[PDB]
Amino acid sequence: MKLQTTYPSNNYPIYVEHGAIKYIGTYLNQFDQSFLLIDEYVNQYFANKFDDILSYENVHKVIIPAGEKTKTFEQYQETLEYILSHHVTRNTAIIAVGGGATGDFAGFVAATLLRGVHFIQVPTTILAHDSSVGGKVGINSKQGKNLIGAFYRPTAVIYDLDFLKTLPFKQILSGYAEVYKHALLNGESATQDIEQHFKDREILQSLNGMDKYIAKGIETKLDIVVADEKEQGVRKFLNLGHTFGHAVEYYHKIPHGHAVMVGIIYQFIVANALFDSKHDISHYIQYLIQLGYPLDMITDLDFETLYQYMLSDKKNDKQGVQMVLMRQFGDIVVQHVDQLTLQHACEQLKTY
């Protein structure tokens, strides 16, 4: 399945197939050079996977830190300086091969190399069905996740759906949180429909019918990003449950999806607190348990530290904290949420 961003100028493809890993080479030699940034663990896993195209005269393998441990200022310099020492050109390409983390990083590298070079997204996780589309790249700060980065359109995205066969459950759950989020955004139908298909752990864990809920996720985003690339309003909707989520992920150091799920239920808690959309909290809470989500850190949360982090959030203004709330499937709204709600929603979410 091939897709394409419908922007005015410079648009990119997105190959979502079970052999998409082949679509790499139709580019490699049309670039003076190519630098393959690959996660340190992904590199072990798929040792020869990328020899068919790496044993070339242009391609060089660059091994960065595993996941979120690469998204730092320090690594940014090293990797860039290392790269440049190869007398590159403005027509070089950066091939990201790994999770969302190696993707954000390689992307921020590519986006700033000689003021911008070529970028090829090659996701290998479920969560990266999300992170590889939209052009958002970057690293982390001492203040929070993704606080330095940029909007840079990749030349093309290549999502080989065969990489899911090696994903551990902890990452299925993690990636599933984004597949589920796009669903919540797709309406009461798509939610209860995906909730109906992926009923419990064993279903998810098996991954049957996943190939479908991913393509549906990618599409759903491709729409919000083409329609509002610079997050000038609507794209703020992909941030569903990330306000609290990003705070739990950074401070509690738990997987992105896991935090997002917890960020989701908390968001409903607020949508009650304010609009009183009367959300079935007991429903969502349970559905997560079945799927197999941990929920052990729920008790170790801490409104105080999370709140201060929540002030770094990229959606706020001078007025204070800001969240993406759901009032009804098809009625998502963004707005201020003073410490009040955040004081009694982190405690009502503790009720569980």
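All residue numbers are counted from 1 along the displayed sequence.
Undergrad: Go through the other compared entries with residues on either side of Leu54 and state whether a third or more give it no coordinates.
TA: Yes, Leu54 lacks coordinates in at least a third of the other compared entries that model both of its neighbours.
Undergrad: Is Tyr307 left out in a third or more of the other entries?
TA: Result for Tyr307: often missing, at least a third of the compared entries.
Undergrad: In the PDB record, does 315-323 or 41-49 carry the higher mean Cα temperature factor?
TA: The deposited B-factors put 315-323 ahead on the C-alpha mean.
Undergrad: Averaging only over Cα atoms, indicate whether 250-258 or 101-109 has the higher B-factor in the PDB entry.
TA: Mean B over CA atoms: larger for 250-258.
Undergrad: In terms of CA temperature factor as recorded, identify the highest of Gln290, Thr70, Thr305, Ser34.
TA: Among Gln290, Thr70, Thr305, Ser34, the PDB entry lists the largest C-alpha B-factor for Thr305.
Undergrad: When the modelled residues of the chain are sorted by Cα temperature factor, does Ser277 land in the lowest, middle or highest third?
TA: Highest third - that is where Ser277 ends up once the chain's C-alpha B-factors are sorted.
Undergrad: Going by what the PDB entry lists, where does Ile14 fall on CA B-factor within its chain: lowest, middle or highest third?
TA: Within its chain, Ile14 is a lowest-third residue by C-alpha B-factor, going by the deposited values.
Undergrad: C-alpha B factor of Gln75, ranked within the chain: lowest, middle or highest third?
TA: For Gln75, the deposited C-alpha B-factor lands in the lowest third.
Undergrad: Split into thirds by Cα B-factor across the chain's modelled residues, where does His87 land: lowest, middle or highest?
TA: It falls in the top third of the chain.
Undergrad: Among all modelled residues of this chain, ranked by Cα B factor, put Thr125 in the bottom, middle or top third, i.e. lowest, middle or highest.
TA: Its C-alpha B-factor belongs to the lowest third of this chain's values.
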